[PDB]
Amino acid sequence: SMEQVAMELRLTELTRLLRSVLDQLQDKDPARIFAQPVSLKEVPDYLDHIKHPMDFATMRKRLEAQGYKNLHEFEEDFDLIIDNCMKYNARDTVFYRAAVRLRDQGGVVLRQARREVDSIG
């Protein structure tokens, strides 16, 4: 149908916007601490601690399959990156600290993304 097409154009444009959001958030991680899945070879117990692992490469795979229906879904995944780290790693670690800085800096990008998603529909 023409409606299904219109819908798919909206999803494609959301994907366009979320791809830009993703690039902006990932720039706030210049150390690349969150770029890839935590290695289960290198942290073999990880899944005993963290039930839903997340990372920026995993988000990008989902993004490129148009797997985020709305900004809320995307933000859920971003928040998992941060919250997983802040639980697994102690407060005094470079990892925890990287997550705090990512959360704080990402807030700004996400605040305007939400306005853009609502604004453009």
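Residues numbered from 1 in each chain as written, not as in the entry; some residues may be left out. Heavy atoms only, no water. Residues with missing side-chain atoms left out of burial classes, pairs and counts.

- The protein is annotated in the PDB entry as Bromodomain-containing protein 1 of Homo sapiens.

1. A word on the side chain of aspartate 77
Part 1: For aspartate 77, the position within the fold is in helix α4 (residues 71-88).
Part 2: Here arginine 62 takes part through its side chain, which lies 3.4 Å from a polar atom of the side chain of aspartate 77.
Part 3: Once you skip the residues sitting within four places of it in the chain, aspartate 77 turns out to touch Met54, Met59, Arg62 and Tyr68. (Helix = DSSP H or I, 4+ residues; strand = E, 2+ residues; numbered from the N terminus. Polar contact = N/O pair within 3.5 Å; in protein donor to acceptor, adjacent residues only side chain to side chain. Contact = heavy atoms within 4.5 Å.)

2. Side note on the environment of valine 109
Part 1: Counting through the fold element by element, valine 109 comes out in helix α5 (residues 94-120).
Part 2: Taking the C-alpha atoms as reference points, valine 109 and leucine 22, 87 residues apart in sequence, are found 9.5 Å from one another.

3. Notes on the nonpolar core
Part 1: With 27 residues, the main nonpolar core has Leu18, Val21, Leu25, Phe34, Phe56, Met59 and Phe74 as its most contacted residues.
Part 2: Those elements that place two or more of their residues in this core are α1 (2-27), α3 (56-64), α4 and α5.
Part 3: No other element matches α5, which puts eight residues into this core. (Core = buried A, V, L, I, M, F, W, Y, C linked by side-chain atoms within 4.5 Å. Buried < 20%, exposed > 50% of the residue type's maximum accessible area, 1.4 Å probe, protein only.)

4. Concerning the packing of aromatic side chains
Part 1: Applying the stated criterion across every chain, the model contains two aromatic pairs.
Part 2: Their ring planes at 65° and their centres at 5.2 Å tell us that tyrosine 46 and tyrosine 88 sit as a pair that is edge-to-face. Taken together, the residues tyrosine 46 in helix α2 (residues 46-49) and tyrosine 88 in helix α4 connect sequence positions 42 residues apart.
Part 3: Residues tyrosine 68 and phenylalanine 74 carry aromatic rings whose centres are separated by 5.3 Å and whose planes lie at 75° to one another, so their mutual orientation is edge-to-face. Like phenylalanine 74, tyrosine 68 is buried. (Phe/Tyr/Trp six-rings, centres within 6.5 Å; stacked < 30°, edge-to-face > 60°.)

5. Here we look at the packing of α4 against α5
Part 1: Between α4 and α5, the least distance of the axes is 9 Å, while the angle of their chain directions is 170°. One element, α4, and the other, α5, form an angle in the roughly antiparallel class. Judged by residue contacts, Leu71, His72, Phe74, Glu75, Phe78, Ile82, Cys85 and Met86 of α4 engage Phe95, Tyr96, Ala99, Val100, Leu102, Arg103, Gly106, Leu110, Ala113, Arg114 and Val117 from α5.
Part 2: Grouping the constituent residues of the contact of α4 with α5 by class yields 14 nonpolar, two polar and three charged. (Axes fitted to C-alpha atoms, helices over the stretch in contact; angles between N-to-C directions. Parallel < 35°, antiparallel > 145°, perpendicular 65-115°, else oblique. Nonpolar A, V, L, I, M, F, W, Y, C, P; charged D, E, K, R; others polar.)

6. Brief notes about the environment of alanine 65
Part 1: Structurally, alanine 65 can be placed in the loop between α3 and α4.
Part 2: Taking relative accessible area as the criterion, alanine 65 reaches 59% and is therefore assigned exposed.
Part 3: Along the chain, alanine 65 and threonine 15 lie 50 residues apart, while their C-alpha atoms are 9.1 Å from each other.

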